[PDB]
Amino acid sequence: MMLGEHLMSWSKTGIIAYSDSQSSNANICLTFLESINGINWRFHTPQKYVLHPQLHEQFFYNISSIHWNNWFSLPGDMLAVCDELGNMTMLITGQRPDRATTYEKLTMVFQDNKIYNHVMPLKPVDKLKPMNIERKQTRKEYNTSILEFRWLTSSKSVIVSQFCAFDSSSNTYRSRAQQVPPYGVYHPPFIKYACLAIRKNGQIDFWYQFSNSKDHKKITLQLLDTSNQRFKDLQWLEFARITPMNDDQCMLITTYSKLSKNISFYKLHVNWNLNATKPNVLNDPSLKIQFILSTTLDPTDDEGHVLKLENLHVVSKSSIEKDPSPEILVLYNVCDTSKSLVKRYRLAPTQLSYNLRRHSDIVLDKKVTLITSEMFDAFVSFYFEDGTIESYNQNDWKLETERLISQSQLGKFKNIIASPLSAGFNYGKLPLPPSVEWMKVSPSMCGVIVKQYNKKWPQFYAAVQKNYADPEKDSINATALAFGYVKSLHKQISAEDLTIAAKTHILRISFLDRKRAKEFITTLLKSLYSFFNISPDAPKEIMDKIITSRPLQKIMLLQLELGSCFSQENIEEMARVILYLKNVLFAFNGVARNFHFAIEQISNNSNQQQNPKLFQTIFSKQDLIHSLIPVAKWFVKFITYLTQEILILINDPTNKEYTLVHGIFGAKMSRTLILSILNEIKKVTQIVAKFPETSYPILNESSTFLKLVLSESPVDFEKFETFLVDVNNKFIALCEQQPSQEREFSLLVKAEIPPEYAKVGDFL
Amino acid sequence: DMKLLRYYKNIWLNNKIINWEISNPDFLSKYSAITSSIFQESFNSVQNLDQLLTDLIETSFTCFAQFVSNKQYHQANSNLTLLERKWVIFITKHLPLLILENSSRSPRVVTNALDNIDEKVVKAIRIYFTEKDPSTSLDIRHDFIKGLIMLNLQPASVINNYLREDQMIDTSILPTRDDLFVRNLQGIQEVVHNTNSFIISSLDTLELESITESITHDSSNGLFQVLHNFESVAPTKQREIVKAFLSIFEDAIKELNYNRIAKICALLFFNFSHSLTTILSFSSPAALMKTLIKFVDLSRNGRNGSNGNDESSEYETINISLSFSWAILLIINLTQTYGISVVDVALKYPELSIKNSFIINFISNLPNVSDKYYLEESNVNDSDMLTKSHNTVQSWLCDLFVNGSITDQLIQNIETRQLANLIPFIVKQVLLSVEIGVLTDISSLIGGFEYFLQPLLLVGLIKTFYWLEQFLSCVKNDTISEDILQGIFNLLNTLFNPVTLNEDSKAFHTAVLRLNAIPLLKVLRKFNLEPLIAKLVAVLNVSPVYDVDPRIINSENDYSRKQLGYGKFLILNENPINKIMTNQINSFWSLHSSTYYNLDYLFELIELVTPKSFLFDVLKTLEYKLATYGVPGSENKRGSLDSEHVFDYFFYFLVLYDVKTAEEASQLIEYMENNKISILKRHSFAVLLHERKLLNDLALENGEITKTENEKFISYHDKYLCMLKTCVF
């Protein structure tokens with residue numbers, strides 16, 4: 001039997017929403033990955049919910065498919081689930097009718113049965129009282145049973161990377177990122193969202209919401225637009241795969257109706273703006289359909305063995321590839337033979353001097369039980385019977401795990417790597433599909449999710465490498481995992497799966513030689529900077545851009561997890577203090593800009609004193625500065641720790657356990673960042689002194705306390721200000737004395753000084 | 001026990017009638033052994049011959065009763081009549097012979113058999129006939145007795161016993177002798193003492209023009225009169241006539257007699273008065289297929305020993321072309337309407353080269369034509385033939401569209417197989433060019449398409465009509481101006497309504513238009529238009545068409561306020577797939593509704609839902625009904641033996657849908673106990689059950705499945721084997 005290709009969906013924000021078929025009080029579950037003790041990981045507690053058609057005011061039905069709106073560049077928070085009865089239930093997470101909430105709390109938008117608006121925040125089953133709802137099983141495949149659900153993206157563009165190559169001239173890996181223009185059908189900004197669903201009887205649906213209204217609208221048609229309803233209700237489509245094509249507002253509805261035993265093709269057209277001359281009049285989009293082609297399947301192979309169509313998966317192909325025609329991969333299995341044939345067809349127009357052109361045939365040695373297409377990766381995954389997975393690339397259908405062995409090394413570009421799977425990281429012995437409810441390869445292909453019948457919790461399997469004793473392969477592996485994150489950030493993926501896989505390999509290295517594992521981290525994170533065209537050895541102008549960059553919230557988090565096992569080590573400590581300084585940065589300069597605008601509001605709003613709006617405005621002015629006082633206590637408490645270590649290190653310079661103090665001062669932007677914090681602190685105090693609170697003396701305590709805490713600090717800030725300023729100048733002249741770029745990495749990440757610069761350490 | 005016996009026997013007869021196994025001389029043996037096989041305990045009763053024939057009589061009558069009385073619950077247009085005609089043919093033809101050489105000629109036993117029937121069958125038959133329509137309304141019982149009279153089984157005084165008390169039948173009028181009588185040219189009923197000589201003598205003097213234009217029955221040819229009067233043939237004589245064709249046809253293949261091969265195929269294709277259905281109903285279609293596909297495959301060696309240097313060559317080449325071209329049309333008609341697969345026969349007979357079979361891959365790609373022209377398909381890796389492949393295309397286009405004549409050199413140098421694909425290529429190029437606007441001159445083309453109707457080029461029309469609907473379906477949705485559209489009809493009408501036809505091409509042209517007429521009619525009506533439908537309806541009325549709504553053919557003025565259904569199986573929203581299968585669950589579990597014993601409405605339903613979803617949605621849904629309601633037919637919820645027989649109903653039905661012949665069963669037992677076996681049964685349940693049995697056993701070694709779950713699955717598997725081994729198939 002075919003597995004649950006759409007039973008589970010990894011949302012782009014990490015929420016794992018999957019269908020539940022065992023609990024008698026719930027049908028859907030929500031969970032996510034969390035860290036146990038900084039080293040290990042565990043899934044979060046399952047948040048069970050119950051979905052029935054009568055939430056608007058009682059038996060609930062099973063869940064057919066779950067589709068997170070993670071397609072293209074969508075935010076990925078609006079989850080729409082379609083049940084077995086055909087009702088499409090849309091749940092929005094991260095928002096409440098009155099306020100904003102976290103990502104683990106759900107909320108409804110509208111229910112379909114006719115469609116109506118009813119906003120109501122859902123509650124978990126366990127917390128809710130025992131209700132009179134029983135699991136009624138809709139064991140009937142209705143006319144409205146949705147076969148395939150597809151989301152509609154907006155007009156925004158997505159920028160990703162295609163592949164990287166090893167530049168033998170510079171002995172470094174180089175990657176190029178190509179912007180991907182939108183292809184297929186995209187909804188305009190004035191429409192809040194749109195989605196399409198194909199029902200098993202051929203009836204189509206088009207849900208959409210206007211951005212300026214709350215009422216929802218639905219437009220429905222049927223594929224077989226014949227004059228007789230006798231054939232209208234006959235199109236029982238076995239497979240209905242919707243692949244958008246480069247044609248404008250067109251989707252190729254590749255259907256296989258067993259009534260006529262032919263793989264029929266269709267074209268769907270939508271006009272977003274019917275009246276372009278009247279932009280104010282927002283008209284409903286018009287839907288059109290046009291039959292194109294139909295072909296019959298081949299009965300036999302070349303040698304005389306008959307074939308059976310097991311699956312019909314067509315790849316969502318963009319215009320980037322050489323031939324943009326979608327690949328209709330009609331799978332065939334030779335009976336009583338381990339071989340499995342995958343014939344490939346392409347749809348092309350008929351040219352004068354449409355049609356399906358056969359390119360080639362590919363033979364696989366094991367039977368296939370599941371096919372899943374990766375998103376933004378162009379990878380077809382063949383989940384064979386024995387548990388092994390062979391992901392074939394869309395470009396050449398060359399095995400990714402064995403591409404390095406068979407790659408033609410000679411050439412301009414060598415060692416073409418697209419994912420960590422190219423290095424050789426193969427999954428272990430996965431559980432057999434008969435025992436497995438559903439599988440899904442993780443987005444980065446680093447591991448596989450398996451749900452088990454007797455396991456109440458989801459499992460997880462990571463990739464392993466057999467030749468971990470060979471030291472010469474560390475250069476390639478670090479670069480391969482470096483590019484794995486490069487694609488993830490461009491697609492706004494959490495990439496928590498990739499983090500787990502990297503740590504396991506490092507842990508096995510550290511068991512034999514602890515010295516070797518430390519260098520693996522340094523080389524791995526260095527390639528990230530080269531891939532993203534960011535240089536820690538650049539002039540100071542780019543350095544300001546680095547501090548505000550989102551990646552440091554994640555790339556520094558990498559060593560926060562990859563260095564957790566190393567007790568009494570400063571690799572994670574160096575990243576955390578810089579990361580927390582960023583939080584410290586968001587505290588003062590986050591409100592320094594806010595406080596500056598409050599100065600102008602005082603003068604222009606001084607003509608109405610008795611109004612009931614100024615009194616709340618006045619109260620909020622002096623309340624905000626009060627909340628900064630607890631932050632300032634940790635700000636002073638932080639600078640004392642580094643000054644305390646100065647006295648300790650002088651007596652015993654040979655103590656390696658206190659080498660963190662070197663990296664903190666060595667960081668180039670941190671010295672400027674603290675100076676900027678000290679600059680705005682002076683500006684804030686000068687402004688407060690220049691513009692004190694006079695209407696209410698009682699409110700001056702917060703302003704006065706700000707002056708007192710600075711003066712009463714055990715160490716004067718002015719003396720400490722000159723401390724970091726002098727370090728910057730001395731560390732710049734040393735660069736001109738001898739050119740070196742590793743020292744920039746050493747002062748920022750390694751938190752150490754190379755032995756070749758042992759004289760520099762004595763100066764501190 | 002009696003209910004189990006009757007259900008098993010009715011399903012067994014239905015399956016065996018569908019499987020064309022009536023001609024098997026083991027019918028009576030299996031029918032007698034049914035009673036012993038059903039009951040596991042020994043049942044050693046000496047059943048006398050009269051008892052067997054009586055049991056057969058009431059079983060057949062009750063089966064026909066259920067078959068005709070279950071039809072009102074079907075959709076009014078879900079029309080499938082092959083099995084209805086098959087029941088009629090069996091009951092009127094074989095059962096009289098079964099009595100003739102199986103009975104002891106006892107008039108009493110027939111009276112007891114036909115007097116023990118319930119009046120419900122008679123009431124239902126009369127009600128259905130009255131609803132369809134005093135006018136003469138004869139039942140199947142009258143035809144049964146009439147056949148027995150001709151065989152000297154019963155005297156003429158027996159028919160009056162069962163007649164209505166107010167109406168008798170004159171004894172003298174009823175025929176009593178089994179001798180063949182034919183109306184000659186002078187109106188005297190001549191006695192055909194010898195059958196084989198009559199066929200060959202008429203066949204030699206037969207005219208191919210007299211096929212469709214001879215609407216009147218007063219034709220000088222005796223054999224052609226028989227086809228239009230096929231419903232009144234004597235019981236025992238028609239077996240000789242069917243056997244006469246087989247011996248003659250096999251001898252024509254051995255001697256390579258091209259004249260009589262082409263003529264024979266023309267008679268069988270058109271199926272006047274259900275002539276073709278009776279042929280399959282006597283010879284097994286497998287043996288007919290084997291010889292027929294041998295000719296189309298072994299004809300390659302026959303073209304290397306003939307030299308075109310005689311004035312009889314053009315006579316021979318036309319005779320060769322028509323003999324080969326007609327033999328293709330016989331296969332397509334059998335595959336499409338009669339539900340036979342060309343792939344299956346190759347697997348069963350090892351002497352057929354599957355990889356080098358041109359017929360096998362031709363049928364499966366019949367409606368689709370390649371955009372590129374290849375002289376040979378197995379050697380696409382070579383470029384030498386592709387150089388002259390384009391030469392052939394330009395050589396034929398210039399000679400036929402500009403020169404206006406077909407040179408004899410072109411015909412001699414090319415084979416029939418290349419012609420079968422060359423003609424669709426050229427017509428597609430011309431028709432596409434006309435539609436776009438590349439070709440603007442029609443009159444020269446109208447004459448140009450006339451050259452496609454010559455006897456030499458007749459085989460090229462087979463693929464021309466199939467592509468038309470795919471061409472027309474795009475045309476129907478696309479916006480085409482009437483000036484172009486009227487041109488399309490003008491070019492099409494040349495093939496549809498020829499101005500003149502040769503004496504060997506007139507019957508062929510009608511025959512090809514008859515294969516793929518039905519989908520063409522549906523597309524055309526969606527829009528010089530009328531003549532095409534008028535021609536299409538004319539060729540559709542020459543003989544009856546199976547599984548077609550009669551309202552569609554004659555919808556010129558009838559408006560019944562009900563939309564027409566062109567397909568065999570039709571579904572509405574008022575009666576969706578849910579309601580019927582929910583009624584199937586009521587029948588799969590409680591044997592309710594009335595859609596059972598109708599393998600016409602059930603076999604197609606299974607395919608439309610696939611065996612996987614069909615079995616998955618019923619096996620696990622049974623527990624919900626069983627856990628709440630309980631086993632029907634028992635007032636006590638004690639014991640599992642009562643539920644055991646209910647499970648036997650479901651598993652016995654699935655066995656017949658998988659096993660189709662006698663020796664096949666002896667080979668499926670070896671498939672379970674562990675290549676060629678599962679090839680023929682790709683979609684069988686047995687393959688699905690066995691493939692999961694081995695797979696989950698692998699997990700048992702690895703221990704990802706609980707032992708209880710594995711034990712449950714094998715319980716279904718061993719039950720399937722246990723009934724398979726204890727019952728003879």
# chains A, B, ... in the order shown; residues from 1 in each chain; ligands from 1

$ closest_atom_pairs --of "range 58-107 of chain B" --to "range 230-233 of chain A" --cutoff "12 Å" --atoms "only C-alpha atoms" --output "tab-separated table"
residue	atom	partner	partner_atom	distance
B:75	CA	A:230	CA	10.4
B:76	CA	A:230	CA	11.1
B:77	CA	A:230	CA	9.2
B:78	CA	A:230	CA	10.1

$ write_last_selection --atoms "C-alpha atoms" --output "PDB file, in the first residue's frame"
ATOM      1  CA  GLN B  75     -28.406   3.065 -13.339  1.00  0.00           C
ATOM      2  CA  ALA B  76     -30.819   3.279 -16.263  1.00  0.00           C
ATOM      3  CA  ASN B  77     -27.897   3.913 -18.642  1.00  0.00           C
ATOM      4  CA  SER B  78     -25.105   1.819 -17.053  1.00  0.00           C
TER       5      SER B  78
END

$ interface_residues --of "chain A" --to "chain B" --cutoff "7 Å" --atoms "only C-alpha atoms" --output "JSON, numbers by chain"
{"A": [139, 140, 141, 142, 228, 229, 230, 231, 233, 234, 258, 259, 290, 291, 292, 295, 296, 298, 299, 302, 303, 304, 335, 336, 431, 432, 434, 435]}

$ write_last_selection --atoms "C-alpha atoms" --output "short mmCIF file (atom, residue, chain, number, x, y, z; two decimals), in the first residue's frame"
data_model
loop_
_atom_site.label_atom_id
_atom_site.label_comp_id
_atom_site.auth_asym_id
_atom_site.auth_seq_id
_atom_site.Cartn_x
_atom_site.Cartn_y
_atom_site.Cartn_z
CA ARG A 139 -14.50 5.25 5.30
CA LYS A 140 -16.07 6.57 2.07
CA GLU A 141 -14.17 8.39 -0.69
CA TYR A 142 -16.63 11.17 -1.51
CA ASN A 228 -24.15 15.99 -19.62
CA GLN A 229 -23.97 15.56 -15.85
CA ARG A 230 -23.74 11.81 -16.50
CA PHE A 231 -20.02 12.20 -17.29
CA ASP A 233 -19.64 12.96 -11.90
CA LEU A 234 -17.56 10.13 -13.40
CA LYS A 258 -8.76 4.66 -14.97
CA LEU A 259 -12.13 5.01 -16.73
CA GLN A 290 -8.63 23.81 -21.62
CA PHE A 291 -8.02 20.15 -22.49
CA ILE A 292 -4.65 19.50 -24.12
CA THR A 295 -1.59 9.29 -23.95
CA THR A 296 -1.55 5.57 -23.18
CA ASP A 298 3.52 1.24 -22.35
CA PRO A 299 2.62 -2.41 -21.61
CA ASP A 302 12.43 -4.06 -24.40
CA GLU A 303 13.28 -7.62 -23.30
CA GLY A 304 9.66 -8.78 -22.95
CA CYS A 335 6.92 -8.50 -11.73
CA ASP A 336 8.82 -11.23 -9.84
CA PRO A 431 12.91 0.44 10.12
CA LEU A 432 11.04 -1.58 7.53
CA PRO A 434 5.51 -2.32 6.95
CA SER A 435 6.05 -1.30 10.58
#

$ closest_residue --among "B:271, B:142, B:513, B:389" --to "residue 164 in chain B" --atoms "only C-alpha atoms"
B:142

$ atom_distance --atom1 "CA of residue 420 in chain A" --atom2 "CA of residue 484 in chain A"
6.3 Å

$ atom_distance --atom1 "CA of residue 511 in chain B" --atom2 "CA of residue 462 in chain B"
9.8 Å

$ atom_distance --atom1 "CA of residue 553 in chain B" --atom2 "CA of residue 281 in chain B"
26.9 Å
